[PDB]
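> Have a look at this one before I ask anything.
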Amino acid sequence: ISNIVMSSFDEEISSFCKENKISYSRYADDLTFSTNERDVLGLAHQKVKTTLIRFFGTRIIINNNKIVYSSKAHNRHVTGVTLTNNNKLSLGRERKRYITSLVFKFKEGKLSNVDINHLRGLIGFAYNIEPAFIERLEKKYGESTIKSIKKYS
DNA sequence: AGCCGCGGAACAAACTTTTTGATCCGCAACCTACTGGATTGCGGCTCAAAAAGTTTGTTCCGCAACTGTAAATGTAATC
């Protein structure tokens with residue numbers, strides 16, 4: 001129902017974004033606008049504000065507190081996924097090192113069974129965002145290391 | 001989505017602390033010796049009167065967490 005209530009808004013905003021070389025996406029309420037041209041996002045913000053108050057009405061409004069700008073100069077994220085300056089999709093250095101530290105500690109056998117499920121979930125999740133990271137772990141630590149958590153007993 | 005008591009506020013009559021515009025009264029001046037008229041004039045001191053400065057009793061304004069039959073759910077992450 002949350003999707004059906006916002007269907008014409010999405011179509012019109014996509015049509016507007018197509019003409020200005022702007023990419024559109026939306027997860028429930030996480031509307032992210034991205035572009036390659038410089039100083040065009042103001043027009044996109046004005047358009048989304050004026051179309052959110054015309055079809056769907058004055059019912060919902062733009063949170064004028066969390067409107068955030070970003071570029072390659074600073075950190076850029078789209079729903080948990082970190083976009084690198086080299087045009088790559090990764091989790092982020094902190095998580096990237098946390099997972100590898102945990103999988104390394106697995107080999108030394110100094111980890112309790114509580115966090116074994118933590119590593120199971122984290123390795124399983126590092127297949128839906130970055131399909132590569134586990135391959136890099138295999139390249140560094142080995143297949144024998146990875147194929148012990150995914151089928152842990 | 002509704003609106004509890006609490007405490008500032010926006011107003012508005014009363015007190016209350018000075019700004020102003022005369023009036024006065026020593027008080028040295030004349031004038032000549034000295035109360036010189038039958039005089040003025042001049043600067044501190046005081047007077048309510050009233051345009052300014054608080055002080056205090058009343059009236060609305062706003063806002064929070066959750067509501068009456070009602071989910072413990074192996075791991076990670078999204079709105």
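Here, A, B, ... name the chains of the structure tokens in the order displayed, residue numbers run from 1 inside each chain, and ligands are numbered from 1 in the same displayed order.
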Could you give me, as JSON lines, a per-residue list for chain B showing, wherever an atom lies at most 6 Å from an atom of chain A, the closest pair of atoms and their distance in Å to one decimal, using only C-alpha atoms (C1' of nucleotides) and sorting by chain then residue number from low to high?

```
{"residue": "B:75", "atom": "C1'", "partner": "A:121", "partner_atom": "CA", "distance": 4.4}
{"residue": "B:76", "atom": "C1'", "partner": "A:121", "partner_atom": "CA", "distance": 4.5}
{"residue": "B:79", "atom": "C1'", "partner": "A:28", "partner_atom": "CA", "distance": 5.4}
```
> Taking 5 positions as the minimum chain separation for residues in the same chain, which residues sit within 12 Å of residue 135 in chain A when counting only C-alpha atoms (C1' of nucleotides)? Answer as a list in words.
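After dropping sequence-adjacent residues, the list is residues 123, 126, 127, 130, 140, 141, 142, 143, 145, 146 and 147 of chain A.
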> Can you write out the residues you just picked, keeping C-alpha atoms, as a compact mmCIF listing (two decimals), in the first residue's frame?

```txt
# COMPACT_ATOMS: atom_id res chain seq x y z
CA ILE A 123 29.61 -13.34 5.67
CA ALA A 126 28.72 -9.80 2.34
CA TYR A 127 27.22 -11.56 -0.67
CA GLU A 130 29.68 -6.74 -2.41
CA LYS A 140 44.16 -13.79 1.03
CA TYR A 141 43.24 -16.34 3.72
CA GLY A 142 42.12 -19.27 1.57
CA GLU A 143 39.06 -21.32 0.66
CA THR A 145 39.04 -20.58 5.96
CA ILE A 146 35.85 -19.32 4.31
CA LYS A 147 34.29 -22.79 3.88
```
> Name the residues of range 13-81 of chain A that come out as strand (DSSP E or B) in a backbone DSSP run; write them as a list in words.
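Matching residues for strand (DSSP E or B) in range 13-81 of chain A are residues 22, 23, 24, 25, 32, 33, 34, 35, 77, 78 and 81 of chain A.
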> Write the residues you've just listed into a file as an mmCIF file, in the first residue's frame, and include C-alpha atoms for each of them.

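Output saved as selection-v6.cif:
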```
data_model
loop_
_atom_site.group_PDB
_atom_site.id
_atom_site.type_symbol
_atom_site.label_atom_id
_atom_site.label_comp_id
_atom_site.auth_asym_id
_atom_site.auth_seq_id
_atom_site.Cartn_x
_atom_site.Cartn_y
_atom_site.Cartn_z
ATOM 1 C CA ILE A 22 19.455 12.617 -12.819
ATOM 2 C CA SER A 23 19.175 9.102 -11.389
ATOM 3 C CA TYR A 24 16.135 8.320 -9.229
ATOM 4 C CA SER A 25 15.661 5.705 -6.519
ATOM 5 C CA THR A 32 18.009 9.842 -3.004
ATOM 6 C CA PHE A 33 18.700 12.093 -6.001
ATOM 7 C CA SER A 34 21.984 11.782 -7.888
ATOM 8 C CA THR A 35 23.363 13.632 -10.896
ATOM 9 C CA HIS A 77 26.166 6.511 0.756
ATOM 10 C CA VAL A 78 22.938 5.174 -0.749
ATOM 11 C CA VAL A 81 26.121 0.870 0.515
#
```
> Given the choices B:64, B:70, B:6, B:48, which gets closest to residue 20 in chain B if the distance is worked out from only C-alpha atoms (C1' of nucleotides)?
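When distances to residue 20 in chain B are compared using only C-alpha atoms (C1' of nucleotides), the smallest one comes from B:48.
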> For residue 2 in chain B, list every protein, DNA or RNA residue within 12 Å, evaluated using only C-alpha atoms (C1' of nucleotides), and leave out those in the same chain fewer than 2 positions away; present the list as number ranges by chain.
B: 64-67
> Can you write out the residues you just picked, keeping C-alpha atoms (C1' of nucleotides), as a CSV table (one decimal), in the first residue's frame?

```
chain,number,residue,atom,x,y,z
B,64,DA,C1',3.7,14.4,25.8
B,65,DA,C1',2.5,9.5,25.4
B,66,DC,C1',0.1,6.9,24.4
B,67,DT,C1',-4.6,4.7,24.5
```
